[PDB]
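Here are two versions of the same chain, shown separately as structure tokens and labelled structure 1 and structure 2.
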Structure 1
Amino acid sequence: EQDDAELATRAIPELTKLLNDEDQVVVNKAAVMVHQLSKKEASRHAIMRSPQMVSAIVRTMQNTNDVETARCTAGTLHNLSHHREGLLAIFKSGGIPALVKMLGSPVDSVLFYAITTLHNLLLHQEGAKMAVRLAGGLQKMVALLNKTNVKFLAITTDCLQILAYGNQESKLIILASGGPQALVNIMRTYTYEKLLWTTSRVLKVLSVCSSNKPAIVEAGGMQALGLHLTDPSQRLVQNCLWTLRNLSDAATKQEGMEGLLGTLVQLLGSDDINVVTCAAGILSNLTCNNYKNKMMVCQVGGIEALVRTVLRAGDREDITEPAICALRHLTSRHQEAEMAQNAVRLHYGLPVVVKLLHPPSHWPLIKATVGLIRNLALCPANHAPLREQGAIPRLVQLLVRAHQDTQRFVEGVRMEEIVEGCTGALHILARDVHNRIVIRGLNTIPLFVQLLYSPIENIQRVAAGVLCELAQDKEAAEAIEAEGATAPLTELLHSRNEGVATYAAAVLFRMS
């Protein structure tokens, strides 16, 4: 073993001169021998410790027109790339720019050596990422995504993922070279799990970029990623889900989504907390202002599945904020919204939803829960149970808190949205006579009248609306007059908002 190293060390200087010789017959033979040397452990340690030999190998690979000489030098460099010290020699000898040129080779063996060596450098060699980028390696790797060897594609896509992570420039290059369509096509075509996994990781990295994200959606990546949501490989499923969640907010104009939504609803019952989390967040965005998707989600038992997720989640706002938001969406503005409002009750959802209004809930989850209750209150069968769970005193208490703040962004949420939301929910709960006795008995009429002076139009409308509902009973109509409500309601008659003026007239009539 030690005598092998001595023999190699002495041969190398002479082998170096022959390898960088004019005569290509000399060079071919020298390169074949250098490759044979690089297979044995002792003599390859000698090769990587000679900077001039490694340079000769790199120069010859760049320059040769002989196929056997391309294969041997590339194989030599590939053997050196399994060791830290060999990686450093390749880097220091301008071997990254050379290997990037070889990614354009028509010789498949050279291509396969070049990508695997480059993969080794990208994993283990400080500086290798900037060098590959600098050499224009990304444009070339993207062009290679139309090859059909699945193993070569798995390594190519992993090189793309390493290079794109945390680098805006590499994401845009990938996009400018047709990266999205090629990646999405791979997901639509192959079944090799290693390749699906690496490709899904590139798409995950591109899905946070705001130029790439729309491009992935247009190519059908939403539907392509959905195809693998029940694969036995968990790392594949989780990557597809993380990616779908990033893309979800730009996919609301998309169609042929029936299969994806169906599977997301089934995934809400996973015992994996990251799966449930992504399924909830994706569903919340895909139901947002999309009546077609809402109908499909309700039809496959989405309400039950979402209520069960809120019950399991507890004080986990990462899960409840999106789940509640999806329920909010499914309970308004489509054919089956009445059925959905009833369904939240029938599947044990009312007690748990009212509880989410209470601490330690934060303002994003409170804003959305208030909104869900507002929708649920459109269905008369929820009026009574919602009263029983304590929704009214708590909505009123949040309204006082948010209004007092607006005189004397908290947690991401504007306090005016909480005033509009809570009063809006009280506006609709006040359709029940029993609710009117609770609301009024909490000394709310003074504050509702003071809200008529609010500059924001949406708050005027909602405050006038709840005042309008309360006035239908006589004793309440007198307390509204006594609070000096006549003046501000008269000035609200001449409003550009049609609803504000309507409710304002209706209050004035019922005070006589």
Structure 2
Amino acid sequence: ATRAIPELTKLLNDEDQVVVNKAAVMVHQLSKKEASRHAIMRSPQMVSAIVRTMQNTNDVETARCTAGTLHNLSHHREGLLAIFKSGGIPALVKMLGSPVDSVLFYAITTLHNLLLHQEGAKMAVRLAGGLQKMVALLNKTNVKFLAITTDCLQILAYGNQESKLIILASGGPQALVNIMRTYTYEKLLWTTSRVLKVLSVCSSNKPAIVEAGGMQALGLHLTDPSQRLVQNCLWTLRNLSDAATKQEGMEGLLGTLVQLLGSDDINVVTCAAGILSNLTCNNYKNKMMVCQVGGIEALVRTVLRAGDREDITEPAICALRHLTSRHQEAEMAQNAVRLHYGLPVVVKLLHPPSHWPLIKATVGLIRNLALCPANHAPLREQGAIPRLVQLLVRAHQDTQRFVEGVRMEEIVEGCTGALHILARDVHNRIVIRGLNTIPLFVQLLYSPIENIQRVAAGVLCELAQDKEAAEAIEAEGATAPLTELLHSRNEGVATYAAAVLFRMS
């Protein structure tokens, strides 16, 4: 039928008024036979007439039989090159607003095949305004059609901050979140989550996804048997979690993230620890629910199971730090870490091979645990004080003379802050004093960081309640800086500086 394609091509190619309607159904029958379909290609005027008529026609079948062809040329690598040369990409994009469901299914599948195998197709679809046409199609209800459309969006948006911003301006975030809450088709949910994953690293799309209820929507699929859907949801959840602190209705998501901590897959545990750490930051409501569902008990087991892997212990310690301070059941959480055999492993994380991010979080956790008087003794017997003193002395020497994303001033303030709370116990005060820490505490009063002066004067105020320590604080020449610290803009520095001065006299 090749020798015949030159006659057939001239026929439809002809066109005039209705001749066309019928002129197409025949190229559709010719596209159904592969031998004649191969001959349908290679003829530039033919393929260019199929697309040209497709956008001009207005009959009932309009695009169906013509797009029926390009659906079949899209199956051939030669046909994909033919549609690319015919300029069908801008016309196929025009059909993404067509009312007929048949052309919409044929146009989104042809563009999809072009986007996967035809070079330069991603850029041509963008120029035709395809991104906006595809986002507007996300209101359909055919899951097979929605799976093809979202995959085109992921192909176009990945590695393209321009496309991510266009999807945002088109209402993409809200439309993709709706698919998460509505459908159960795994292929559509997985692909939609891949689009949301690509969008979640964009600083402009992340809040919009959060506002659309994406955190709650992604949580609905954390129990799905499809590990690729749960893993993609967790990755997207961790990316958006820093901007979800004002979100409510998180009771179900927070409960599931606690269960996922017991999983055997490291990526699942690593994400769940990171999301819980971010959702509990400055959210006393989230601190309460996580504590109510046994979150302290689960996080201690996770830190115990992890050991050396800092990708798990650093967020899990950060979450444990949030849960043990500044909420109604924080006192129970500080006791819970002890009762679940957590105190030995927490002090262990202060020692090598721990890196500075994990050590910073572990010091902040020890400061919170020390608020519980039942933790004053076991933290001492585990050796928390001598190690915290060594970390403080070393970090102060580095200050006087950003190591892995941590400024040493934060280690100085954290270690002095933890020692300030531990100094409430009288036996800890003997250990702190025996390490000759007063000369450094006095030196820390001169620090430019007000928060360092606050914990320095506070720990000196706790020690000065014993006569031997108050006399030693005076001999260190601490009367001079504490006098200047009485005029501190910080209310805590001035009050602590007055407490040491009163005890010295």
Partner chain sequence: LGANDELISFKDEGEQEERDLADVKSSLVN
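Residue 1 is the first residue of structure 1, and the numbers go on in sequence order from there. For clarity, a rigid core is taken as the largest C-alpha set superposing within 1.5 Å between two forms.
- Taken from the form deposited with its partner chain bound, structure 1 is distinct in origin from structure 2.
- For the residues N185, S109, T252, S270, superposed on the rigid core between structure 1 and structure 2, a C-alpha shift of 2 angstroms or more shows up only at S109.
- A rigid-body turn of 9° separates the smaller part from the larger between structure 1 and structure 2.
- Superposing the rigid core and comparing between structure 1 and structure 2 gives a CA shift of 2.1 Å at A128.
- On core superposition, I319 has its C-alpha offset by 0.5 angstrom between structure 1 and structure 2.
- Its Cα shifted by 5.3 Å, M53 is compared between structure 1 and structure 2 on a rigid core fit.
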